[PDB]
Amino acid sequence: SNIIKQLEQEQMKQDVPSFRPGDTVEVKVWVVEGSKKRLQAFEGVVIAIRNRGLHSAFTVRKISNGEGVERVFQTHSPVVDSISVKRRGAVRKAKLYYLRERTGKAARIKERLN
Amino acid sequence: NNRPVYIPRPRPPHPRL
Amino acid sequence: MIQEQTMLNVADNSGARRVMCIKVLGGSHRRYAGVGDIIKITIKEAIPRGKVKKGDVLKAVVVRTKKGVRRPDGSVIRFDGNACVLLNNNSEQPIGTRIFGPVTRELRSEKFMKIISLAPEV
Amino acid sequence: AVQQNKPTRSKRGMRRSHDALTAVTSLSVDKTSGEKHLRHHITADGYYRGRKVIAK
Amino acid sequence: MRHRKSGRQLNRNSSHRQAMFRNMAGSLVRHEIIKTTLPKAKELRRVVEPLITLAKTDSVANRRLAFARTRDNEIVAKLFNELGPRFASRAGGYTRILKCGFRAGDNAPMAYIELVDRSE
Amino acid sequence: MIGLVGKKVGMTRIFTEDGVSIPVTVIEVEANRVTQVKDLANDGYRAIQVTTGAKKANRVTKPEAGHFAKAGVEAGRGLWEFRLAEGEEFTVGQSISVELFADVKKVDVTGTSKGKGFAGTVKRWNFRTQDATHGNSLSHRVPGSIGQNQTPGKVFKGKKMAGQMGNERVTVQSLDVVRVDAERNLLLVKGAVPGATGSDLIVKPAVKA
RNA sequence: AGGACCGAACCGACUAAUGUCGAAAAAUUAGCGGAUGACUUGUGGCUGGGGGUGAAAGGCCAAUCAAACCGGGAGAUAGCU
RNA sequence: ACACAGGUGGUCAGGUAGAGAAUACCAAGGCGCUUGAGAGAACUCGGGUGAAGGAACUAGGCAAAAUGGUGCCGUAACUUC
RNA sequence: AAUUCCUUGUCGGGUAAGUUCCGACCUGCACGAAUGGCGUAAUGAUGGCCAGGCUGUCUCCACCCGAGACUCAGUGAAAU
RNA sequence: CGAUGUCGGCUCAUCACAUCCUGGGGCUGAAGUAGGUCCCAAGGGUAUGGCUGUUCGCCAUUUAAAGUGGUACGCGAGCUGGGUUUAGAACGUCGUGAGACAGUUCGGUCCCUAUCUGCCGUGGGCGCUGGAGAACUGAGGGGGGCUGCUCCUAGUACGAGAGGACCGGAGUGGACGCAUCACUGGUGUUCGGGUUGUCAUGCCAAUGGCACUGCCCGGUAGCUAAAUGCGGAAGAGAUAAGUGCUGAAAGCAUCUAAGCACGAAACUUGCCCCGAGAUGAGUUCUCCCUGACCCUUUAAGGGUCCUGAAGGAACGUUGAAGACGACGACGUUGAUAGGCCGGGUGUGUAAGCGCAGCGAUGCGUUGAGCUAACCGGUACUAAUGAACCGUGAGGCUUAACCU
C-alpha cells in the first residue's frame, strides 16, 4: 500500500553494498554486554538473499571449528553496521543451500573475476 | 412379488458369549 | 528444539561423545528444550578412560541447536548439530574442563559464567 | 440409519414446502427489435443492447 | 478456503486444463468467435488476451515464444500479421463475452466469446 | 473513554535505536465525525455516534442521507457509537482526531476475524487426530465420541463440533501503542489485530488498567 | 547337470488399504511366492451318495456337504411356538 | 441374472533405449470406457512435499520411507566342503 | 521348555527403566529316548528379541494435487 | 434368549466431593523451613516412558499435583481387535477311546447412504400491526478463571548452631486459549531453471507432449506452525469454615438472643462473545405515502379506474464472505472483475547474432529473458435503458393538554 510503502521507505539505509549469493562477506554487528558496546565480525559465504524492501535479509554460512554456523541478518536492522565483500563467487544459482551437505574441498567455489 | 434366490446369511458371525 | 529420544553431541571433554535426552525439565508436560534449558540425559557412548561411563543418567544443558535461536531484531543463529554440556545433578557446575565449538550468548543468565568463559567464541 | 416409523404425508409436504421454483419475472424488452429476452442475455434472433451481435 | 487465489479448476487436472485452454485459444483465434460455457469463456480471457499482447511487437523471440503456446504455426501466422496490427492502438480488452442462454444437454450456462472485430 | 474507528492497513515493523524490531499493525484513523449525541433524558444512557470515511452520493439511501444532513455531517461508511465515562462531553458535528491516543499506552482493538468457513473439529477446537495406521478405517480426523450412553441419552448443549469458524468480532486487548501521527492519521500498535487488510477496526483505551 | 539362483508370460494367494444395500454371492490397487518342474494348461474319457476322491482340512463332489441334488413314502412326527 | 473393474485355449507380434515378450515413448491399427455443467466447505478415498526430533506410535516398525544397476577391489562366524 | 499353576523361579547380559528375549542352576506340579531324545549347515511370504540406516508411525500435524461429498439439469433405488 | 456386542487402547467427554495441587482456617508433642490431624472450598489444573493384551502393578525420570468414584465396570450405527470366545495344529495332563482342561503356545472376515430426539452451524416463512433504512439499551445465555522458578524485602524475624520465614513488590517460564503473517520457516502439480528416455513441429537450432508434477533445484500470493503479539486479573457486593466488638437471658461469664465488624480460586458483578421470536416481540434517529367512484347480508366490509413513493428484490461484475442460502463492495454520475501500463517479487545472464575452440562448451550483447494470486494506476472489455414486489396518512376504549 501507499501508506505502508511510505512508512518503510523512511527507515531505509542507502549504504547497502551490492552483493550476490556465493560472495564472501564480512558483516559487522553490534554487541552489547550490560553497558559496553562492541563490534563483532562475522565472515562467511552468502548462500541466500531475500529481497523484500525493509524486510530484506540475507543468510551467511561460515565453517567454524568443527561445524558450520548459519546466521540470518536483517539488511536494514541497526544491529548490522557495514557489509564488505572479499571474493566474488562464480555461482549461477540464487540459493546455495546445497553447500550444507558438502564439506572440505567440495565446498569451494570459483571466482567471478568480472 | 418373487422370493430372492442367493439368500446370503444376513446375520453377522459374532457371538456375544 | 530438543525433545525426548534426541541425540546430542557433547561440547565439553568430559569423555562423553553422544547422549540421549530422556526428559525436559522446568515444567509439567514440557515438550522440547530451548537454547539453554536444563535437560536429563543418558550417555550412549563415551571414552573408556573418561570419568563418565555408558548408561549413566545425569543432567545436561543445551548450547547449540539445529533449529537455532531468534534474536530480538529478527536475526537467527543456526548450527549443523545439537550440542550440550554435562552437569552434576545437585549443582549445575559443568564438569568439563574445555568446551569446543561456538556458544551463543543466550546462556548469560548470571550463572553460566563458567560455560561462556570456556567458550572459544561468544 | 433407517426410520422407525413412516413419516406422514403432512411431514412430507412440510419438507417439500421449500422446493417450490421461482419465476424469472424479469424479462426485458430489446431496445430495437422489441423481443423479450433474459436480462444480460442475447435475444433468440441474436440481438443485444439493440445492435446485432451474432449475424447468423 | 482459497483466500485471494485465482484460477478455476474446472474439474480437470493441470495437464488436461492446460491443453484444453491451448486448443480452445487456437479455435478462438482461427474463427474469431466460438460458443462455450461461461466459466470456460471467462478463464480463456487470461490466456488468449496475453497472446495478442505478445503479438503486438513482431520478433523472432516473440514468434518462438508465441509458438510455444498453442503449438500451431497457423495461429502464429494469424497473429503478428492480422491480430497484431488490428489491435495496435487497443490497450487490452481484445475479447467480449455475451451470454447466450443454457445448453440443452445439461443446462450449462453458455456464452459467446469473440474478438472486438468482424465489423465488415 | 470513547474509542475511534479505523481501517487496518497491512503490517510493518519499527527498528529502534537499540536494535530490537517491533512488529506494528498500521491503523488508518482519519477524522471521526460525531453524528448523534445520546443523553439519559431521551435514550436512558449517554453515548456518541460517529462516522468515518466517505460514501457515494447515489449509494446512500434517503433515510441515511437525512440522518447525516440533520447533524450537518458529511455521509460516511457505517455508524458506530461509544458509551461515555461521565467525565467528558461532545457536541454534534464535532471532529475527533487520533491525537487523543497521544497520552495513552495500552489500547483495545476490536474487529471481525478472517472467515475460515466450515471448519472441522481438528482445526476449530484443536482436537487430536486418531492414528493414521494400525488398522484405522475412515476415522483419521473424525471427532470421535460425542456422548456417554443411555444414562444421559442425549448430547449435552455446548458440545464442540465442526461448524463456522471465524467471521465474528473479536477483541485483542492491552496492545502497546507505538506511535501516533496526527497529520498523517496513523496509529502504530505493537502486535497483530483481528481481520484482514482494509477491514474496519475499533480502537479504545485499554480497560484492564 | 540341478524338485539350482534372479526375473516376465503363466500358476498361486503372505500383508495392507479400499469395497461390505460393493464394479464383483471373495474382487480391485500397491507390494508378495513358485516360475524345467512333485510344474502348468487345452480337448476327451473314468470313479456316484454311507459312496467317490482326498501330499488328510471333515476338505471337495455344479455358488449347497459331519453324508449332494430331484421325485416319492408324506399332510412323517412335534408333550413345542 | 446386467451393455457387470471378474474368468476364457492357440497363432502373428514393428521402431528408439534395454540383457529382455520387463519398462518408458511411439508405428500399423484401435479407442477416450453412454450422464453432464459448476463451486473449490467439513470429512472419506488415491497421491505429493515438510521445519526440529527420529519408533518417543503401536499388541507388533502395521503402513510408509529407505535400499535397488553395471565393472573392479573386498567379504566373517559356522559348514554336510 | 510350543511342556512351569505357585511364577514376573534365582542370578547374569542387553535398556535410564525388560511379565518379552539370551545365557546358567534344577525345587522337572506334569521332559524323555522311532505316538522317537539331543545336536545340526542350508532353506522358510514361519514364532520371539536386539542393532544400523530410514522415515508423518508419532510429539503435532500444515499445505497442495486429483475422485467423491455441496449447488444446477436429466434419470432414479434400498433396508425399515 | 423373534439377540442389550461383555476386557484393554485411542478420540471425546460430563457429573459427585469422601480434595491430589492451588485458596481460607482450628489444634499441634506448631521455635523457623518442613510437617501431623481436622474443618470450609469443586473455579481451574491434575505426567512422559520401559516390561506385559492387560486394568492393576513393579521400575526409570519429571511436576504444584500426577485425586477417588458415577456415567450399560461412560463412549465399537466413532476407530483398533492385542486378551478372551468358532473351525487348523502342537505341548503337558486326564481318558481304552471319541475328546476334554479359567493349562500353555502359532494362525484366524468387526456391516449400516441418519427418518425422529439430541447437538454443532446456517437459511426461508410469518409475527412484532402504516411501511421502510439504520444505531442501540439489555432480560437472558455462554467463554475465560491453572501455575513454577529467580530477585528484592533479607539473609530479616526465629534458632545454641545447622538452617531459614509471614505479608508485599518486580522479573522471567511451563501448559492452555484467542488473534495474526511483520519476522524465522513449511506448503506453493497456476512462476523460473537444470536434466534422463522417447515422439512430434520438414531438418539444424529452438520448443511442446508423455514417463508419479518424469525426476529434481529454488520460489510469489494465500493458507499455516515450529513463528509473533495478547489473555488468566485488579476492584466491588453478599458469604463458608474461622476470628471478633458490645451484650443480656443467667447481677458474673459468653461472637448472639437485639445490634455492629471483618472473613476464600466458591456465589453475584467486574473482562470477552451471543442476544428484543425477551410473543413481556423494547428504545432512539431518519425517510416515504395526505386521488376519485360505486355496491351490500352498512362491516377493522367488498369492487373498479388512476397513481405505486421510501425501500426492497431480481439480474450482472464480484470479494481476504461462502457447502448452498446468507453477508460485503460495485453496476458507467463506474476502478467491481478481467486485460493493459509501470513497479515489486521470484528464478536466474533468454532467443538471435558475433567471437575463441577440431569439438562438447565458453565469453560479449546481458543481472539478461520470462514471471501466478502482490502493489499503484488506466474505462480497453463486461457490469443496459427498463421491468417486478412494496402504496395512497394507518383500528377501538380511556386519560392528560390545545380546540
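Residue numbers begin at 1 in each chain, while the letters A, B, ... track the order of the sequences. The figures that follow rest on heavy atoms only: side chains count, while hydrogens, waters and symmetry mates do not.
A salt bridge is defined here as a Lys NZ or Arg NE, NH1 or NH2 lying under 4.0 Å from an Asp or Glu carboxylate O, and F:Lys8 with F:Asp200 fails to meet this definition. For the pair E:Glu43 and E:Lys40, the salt-bridge criterion is not met [side-chain N within less than 4.0 Å of a carboxylate O].
Looking at the side chain of F:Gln164, the nearest of the listed nucleotides J:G339, J:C12, J:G121 is J:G121. Taking the side chain of F:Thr151 as heavy atoms from C-beta on, and the options J:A72, I:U80, I:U15, the nearest nucleotide is J:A72.
Pairing of J:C191, defined by two Watson-Crick or G-U wobble distances under 3.5 Å, is identified with J:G218. Base-pair partner of J:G82: J:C7 (Watson-Crick or G-U wobble, both distances under 3.5 Å). With a cut-off of 3.5 Å on both Watson-Crick or G-U wobble distances, the partner of J:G364 is given as J:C353. Of the nucleotides present, G:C11 is the one that pairs with G:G33 by Watson-Crick or G-U wobble criteria, both distances under 3.5 Å. In this structure, J:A211 and J:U196 make a Watson-Crick or G-U wobble pair, each of the two defining distances being under 3.5 angstrom. Pairing partner, J:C374: J:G343, with both Watson-Crick or wobble hydrogen-bond distances short of 3.5 Å. Look at G:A27: its Watson-Crick or wobble partner, with both distances under 3.5 angstrom, is G:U18. J:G229: Watson-Crick or G-U partner is J:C178, with both key distances under 3.5 Å.
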- Task: Mark up nucleotides 46-54 of chain J, 5' to 3', with B wherever a protein heavy atom is under 4.0 angstrom from a base atom, S wherever such an atom reaches only the sugar-phosphate, and - elsewhere.
- Result: --B------
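Here the separation of J:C158 from J:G67, taken at their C1' atoms, is 35 Å to the nearest Å. Nucleotides J:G193 and J:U207 are separated by 9 Å at their P atoms, to the nearest Å. Rounded to a whole angstrom, the distance from the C1' atom of J:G352 to that of J:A368 is 13 Å. One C1' atom belongs to G:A30, the other to J:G103, and the distance between them is 43 Å to the nearest Å. Comparing the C1' positions of I:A41 and H:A77 gives an interatomic distance of 12 Å, to the nearest angstrom. J:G121 and J:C178: their P atoms are spaced 14 Å apart (whole Å). Comparing the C1' positions of J:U184 and J:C112 gives an interatomic distance of 49 Å, to the nearest angstrom.
Here F:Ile146 lies in heavy-atom contact (under 4.0 Å) with a base.
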What N/O pairs connect the protein and nucleotides 308-318 of chain J at under 3.5 Å? Give each pair on its own line.
{"unit_1": "J:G311", "atom_1": "OP1", "unit_2": "F:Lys62", "atom_2": "N", "d": "2.8"}
{"unit_1": "J:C315", "atom_1": "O2'", "unit_2": "D:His40", "atom_2": "ND1", "d": "2.6"}
{"unit_1": "J:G316", "atom_1": "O4'", "unit_2": "D:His40", "atom_2": "ND1", "d": "3.1"}
{"unit_1": "J:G316", "atom_1": "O3'", "unit_2": "E:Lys99", "atom_2": "NZ", "d": "3.4"}
{"unit_1": "J:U317", "atom_1": "OP1", "unit_2": "E:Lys42", "atom_2": "NZ", "d": "3.1"}
{"unit_1": "J:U318", "atom_1": "OP1", "unit_2": "E:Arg45", "atom_2": "NH2", "d": "3.3"}

Distances under 3.5 Å only, N/O to N/O: pair up the protein atoms with those of nucleotides 209-211 of chain J.
{"unit_1": "J:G209", "atom_1": "OP1", "unit_2": "E:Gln18", "atom_2": "OE1", "d": "3.0"}

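F:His140 and F:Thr129 share no side-chain donor-acceptor pair at under 3.5 Å. Side-chain contact annotation: C:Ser75 with C:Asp73, donor-acceptor N/O pair under 3.5 Å present.
Judged by centroid separation below 5.5 Å and plane tilt below 30°, F:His67 does not stack onto the base of J:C287. Under the stacking definition used here (centres under 5.5 Å, planes under 30°), the residue B:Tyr6 qualifies as stacked on the base of G:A25.
Residue note: H:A76 shows a north-type sugar, the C1'-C2'-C3'-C4' torsion being above zero. Using the sign of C1'-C2'-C3'-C4' as the criterion, J:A18 is classed as south-puckered. The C1'-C2'-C3'-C4' torsion of J:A211 is positive, so its sugar falls on the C3'-endo, or north, side. A positive value of the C1'-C2'-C3'-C4' torsion places the sugar of G:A1 in the north (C3'-endo) family.
For the pair E:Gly105 and F:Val142, both in contact range of RNA chain H, the more 5′-proximal nearest nucleotide belongs to E:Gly105. Nearest-nucleotide positions on RNA chain H place E:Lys40 closer to the 5' end than the other of E:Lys40 and C:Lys67.
With D:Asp30 contributing its side chain and D:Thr32 its backbone, the two residues share a donor-acceptor pair below 3.5 Å.
Residues A:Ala48 and A:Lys95 approach most closely at CB-CD, 3.3 Å, considering heavy atoms. Looking at every heavy atom in both residues, C:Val24 comes nearest to C:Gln3 through CG2-CA, 4.4 Å.
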